[PDB]
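Before I ask anything, here is the structure I am working with.
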RNA sequence: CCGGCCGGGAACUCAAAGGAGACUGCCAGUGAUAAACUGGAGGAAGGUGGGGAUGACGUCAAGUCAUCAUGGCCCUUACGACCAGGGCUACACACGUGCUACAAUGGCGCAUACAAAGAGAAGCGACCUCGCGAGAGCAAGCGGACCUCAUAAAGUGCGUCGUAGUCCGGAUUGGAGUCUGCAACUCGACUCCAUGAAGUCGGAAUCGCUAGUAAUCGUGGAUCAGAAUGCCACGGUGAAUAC
């Protein structure tokens, strides 16, 4: 990144819904190179999300993730800067997954199903992370 | 300390091995140590003969030692009593029926063992090192020798600090792997201690 | 008749035989859903057959060995795309464009001396 | 522990114990052999065991028997 | 549920609530429930009284709480009264089984002093 | 029938030697299968390169043992007479076990 | 490495193939499920250096105890020196 | 006899030897019409394709006189030699590097799938019998793409556990053993029963990694009679991110 401008590698889409967005979500959730376990958790959690909200699968996911995407993010200056779309939903998924690891329910599919459900009416923890980022970039708006 | 031995990195490329026997694990160490004894003996007892290489090979329970030397006459002698004496004692050491051959190294100033042994002999006859090195580079570049580098080192002229002072002429492409670099090394035990003499001789590019 | 592809992927090797017929897949005398179709991404042996479809087109007898799960699967994908010399070089326009005829030549990097694994250098103390 | 077949004593300690119980417990025994499992015939003898520099006297009680000699002769002096 | 002493375990599978008895782990507990003819994953609730004192009758055949605590204590006292290496070592409060005391003897030796 | 299994450290030297034994055998006798190659054994040695401390500097080395198998089928007396005493190889181990 | 140590090594080998491999027979055959007498466990008054677990495998040239390599019979230092000169057949640098 | 098992076939995987291949070679654009750069096609690979070996003149009077060699100095009934026992394993402490953890993306039980690379004759040691197990007995085969080490494990499918210091964690300790070895006390390794600490994600600070990488899961080897959580190798799954 000093010299080298880079390409990017192409991820295989999701084997159930053909969604590269959700494929990157199971990669954000995956730990220790165990992808089968993570996609089991995502299928269970989003399956109960689609059953609970009654909408559908990945539009319930796309709404619950649309409520947590940051708009802009932050001598030592904390300047506000506009987030790129790939970084936008990358941060969305990282905050959903991290907040779901913070929760105190039983299984990971329930922690993440309840976190996406708490983000569908935007009252969970990842929305507090988004409002926190937006308070930082809103307080420091004076630098552009 | 940082350069690879320029014989060892060329062992499959251009340079051959000085031992060319096959052996399983049961007798690999024994054959190898038997080679240390025959090169040790045969190096000590031909110190005057200007010996370059001694190549061992073992075709089916018998050794076949080849002495690449510059003075084959002094190795053989008046009718070859010295050769049959040497194969008698090599047969004593290795425990197999010994053969022995002599290959004449003509152009002895292009062989690095003979050059390093020459400069070492001159240094332990107490001559100044710049003559020995510089004469060696001149007379080696005189006959072929697309490059040569000699490098003595260590307490040179009887000092109390040790220097190196290398010389080179021509091209010695030492990172090129197809270069036929003939490299060898001797030690001069002088009355001030050891003086190390290395010499690289570049002969050709393949 | 009988159409072959070699098809390897990180220490695997998938012989892919194609006859025209139904849409069945026979891998090591075993079905697809029983070989690794109880596991992750059986879709990738079926990806070359969604570029023009396999609905009832061709029975394929495939035989893979070496490697893991994903290694064998990627080997079969490459094996089928090498074995779609059934139809001519037509397919290998679009089949080239999906990135399927590329032999994925990523192999495990060797462990190097003084490193715990291929690049993880052991941690260094104070300075 | 060790050994499904026999316990261990040295043969010189075997002979010194036999002669020590035959002619009565007269003196402590110089033993270097710490390798040696205490036998029930050795009960009552005073066997001095070498700890690297000193022979320290070990009076054999009845419950010494499943043990090596050197257990009763510490080698390192920590204060 | 008052088996083998004042031990009262309950509301838990019988292979595991029996491990509360000092002197039975998992193996010995499988031996008790197999010897008493009891399934491994029944609770103590949902288990009859005749069934309970078959478990008492089986747990009585191994050395447990009091007899085991004083047997262990007796072993350690024998060692410390011999004054062997294992007794001096057992007595000073330093690791017995030939371990490292230069560092990392810390269970046996307790949390560090100054 | 008559398997001759050759081992050497140099692959040029072993395929020279086995080419000689093949044309010797099928020139005199008959029914030689061919020089089947039989995987090379790579034995690797990783020595410390320094005479004192410095673990991380090491030198890696290898010895490659090459095999070839011939498997001469016809037991002619001419091919076992002509097959003996004719090797002219120095770094080859042969095994002429029946 | 200290002449004495190399001489000591030759002593241990010579006793090792004098007594044992001939009376190490005892420890293989009579210490067994056969009868018993304590006798052959006490017939290890053999000179303690007949035991083959007392050879060190020193370097063949320099007698160095550590860094030995059983294939070549040498320490790592003489393996490298001789390997580079070319006296060890077949051996060369490796890279893969 | 449903096992490449046999006759057989030499296609295929593969084995190993010999060749072809990738060079900005072709196209478009930008550029001193130059070097080159950016993009495109073809191709298994695209621009030193990936990795390794290869480490310039010298720097640190860096390391090694204990691998070896070696100048000088020094001991030469001793600073040389032989032996037994001990120590190098000590422990108020402090630091480095690792392993195992704190768990439910998990623990345990049952079934079941897919490797690569190696080693082996004073050696690897099947099958079968005995032992809960470490192992023991008889003992084939193999100096080895043939036999043995040797079942890969994470994975998957079921059941259970249910947020507890708990069915987490395994330290520590008692007892009972197996093996190697003259000999396991100081001072081995492993097994079985029992015990069941600390630890609930780590202060200041700090480290590694840019793709088959990190992470995580096993396997092998050297030294070695026996002793690795180290070292050197091998494969399985397999990321995130680079304005």
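As a convention, Cβ positions derive from the backbone with ideal geometry for all residues, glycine included, and neighbour counts pool all protein chains shown. All of the numbers you see were taken from the coordinates with simple rules; none came from a lab.
Using a 10 Å cut-off around each Cβ of peptide B:2-15, what is the average number of partner chain Cβ atoms that fall inside?
Averaged over the peptide's residues, the number is 4.
Turning to a different aspect of this structure: With viscosity set to 1.567 mPa s and temperature to 4 °C, compute the Stokes-Einstein D of chain D, Rh being the Kirkwood radius across alpha carbon pairs; µm²/s, no decimals.
100
Can I ask one more? Counting other beta carbons within 10 Å of each Cβ, put F:52, F:11 in order, fewest first.
F:52, F:11
Moving on to the next point. Say we join alpha carbon atoms closer than 10 Å with springs in a Gaussian network model of chain F; which of F:44, F:27, F:58 then has the biggest fluctuation?
Between F:44, F:27, F:58, it is F:58 that shows the largest mean-square fluctuation.
Arrange the peptides A:16-26, G:78-88 so that the one whose residues have, on average, the most other Cβ atoms within 10 Å appears first.
The densest-packed peptide leads the list: G:78-88, A:16-26.
Let me ask you something else. Quick one: of the DSSP bridges fully inside the protein assembly as shown, what percent are antiparallel, nearest 5?
85
So what is the relative contact order for the stretch B:74-200, in percent, with contacts set as C-alpha pairs under 8 Å and at least six apart?
It rounds to 24 percent for the stretch B:74-200.
How far is the Cα center of the stretch D:16-79 from the Cα center of the stretch E:69-114, in Å?
For the stretch D:16-79 versus the stretch E:69-114, the Cα centre distance is 23 Å.
In the Gaussian network model of chain E, springs joining C-alpha atoms below 10 Å, which of E:81, E:57, E:67 carries the largest mean-square fluctuation?
E:81
Using only DSSP helix segments of four residues or longer, with each worth -39500 (n - 2.57), what per-residue ellipticity at 222 nm results for chain F after dividing by its residue count and rounding to 500?
-7000 deg cm²/dmol
Listing C:54, A:93, E:80, E:74 from the residue with the fewest other Cβ atoms within 10 Å to the one with the most, what is the order?
Starting with the residue having the fewest Cβ neighbours, the order is E:74, E:80, C:54, A:93.
Report the calculated FRET efficiency for residue F:81 and residue C:47 (r = Cβ-Cβ distance, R0 = 45 Å), to the nearest 0.05.
Calculated value: 0.10.
With 10 angstrom as the radius, rank A:134, F:66 by how many other C-beta atoms surround their C-beta, starting from the fewest.
A:134, F:66
Per residue of C:90-96, count partner chain C-beta atoms within 10 Å of its C-beta, then hand back the mean as an integer.
Average neighbour count from other chains, rounded to a whole number: 0.
Over all residues in D:64-72, what is the mean tally of Cβ atoms on other chains that come within 10 Å of each residue's Cβ?
That average works out to 3.
Taking Cα atoms, how many degrees apart are the long axis of helix F:11-28 and the longest axis of chain F, rounded to 10 and kept between 0 and 90?
Value to nearest ten degrees: 10.
Still on this structure, I have one more. What whole-number distance in Å separates the alpha-carbon centres of the stretch F:15-84 and the stretch B:120-173?
44
As a check on your grasp of the helix formula, calculate [θ] at 222 nm for chain C: sum -39500 (n - 2.57) over DSSP H runs of n ≥ 4, divide by the residue count, round to the nearest 500.
When only DSSP H runs of four or more count, the value is -5500 deg cm²/dmol.
Once you have a ≥ b ≥ c as the square roots of the Cα gyration tensor eigenvalues for the protein assembly as shown, tell me rounded if a/c is under 1.5, and otherwise prolate or oblate according to whether a/b is larger than b/c.
Since a/c reaches 1.5 but b/c is at least a/b, the shape of the protein assembly as shown is classed as oblate.
Let a ≥ b ≥ c be the square roots of the eigenvalues of the Cα gyration tensor of chain F; is it rounded (a/c under 1.5), or, if not, prolate (a/b larger than b/c) or oblate?
prolate
With everything on Cα atoms, drop me the angle between helix E:65-82 and the longest principal axis of chain E, reported from 0 to 90° to the nearest 10.
Computed tilt is about 20 degrees.
Cβ neighbours within 10 Å, averaged per peptide: list E:43-54, D:31-42 in order, most packed at the top.
Final packing ranking: D:31-42, E:43-54.
So what's the back-of-envelope 222 nm ellipticity for chain A, counting only DSSP H runs of four-plus at -39500 (n - 2.57) apiece and dividing by all residues, rounded to 500?
When only DSSP H runs of four or more count, the value is -18500 deg cm²/dmol.
Ok, one more. What's the angle, to the nearest 10 degrees (0 to 90), between helix B:81-94's Cα axis and the longest principal axis of chain B?
Tilt relative to chain B: about 80 degrees.
Name the shape class, rounded, prolate or oblate, that the alpha-carbon gyration tensor gives for the stretch B:1-51, where a ≥ b ≥ c are the square roots of its eigenvalues, rounded holds for a/c under 1.5, and otherwise prolate holds if a/b is larger than b/c and oblate otherwise.
oblate
So, in Å, what gap is there between the alpha-carbon centers of the stretch A:20-73 and the stretch C:39-107?
The two parts, judged by their Cα centres, are 28 Å apart.
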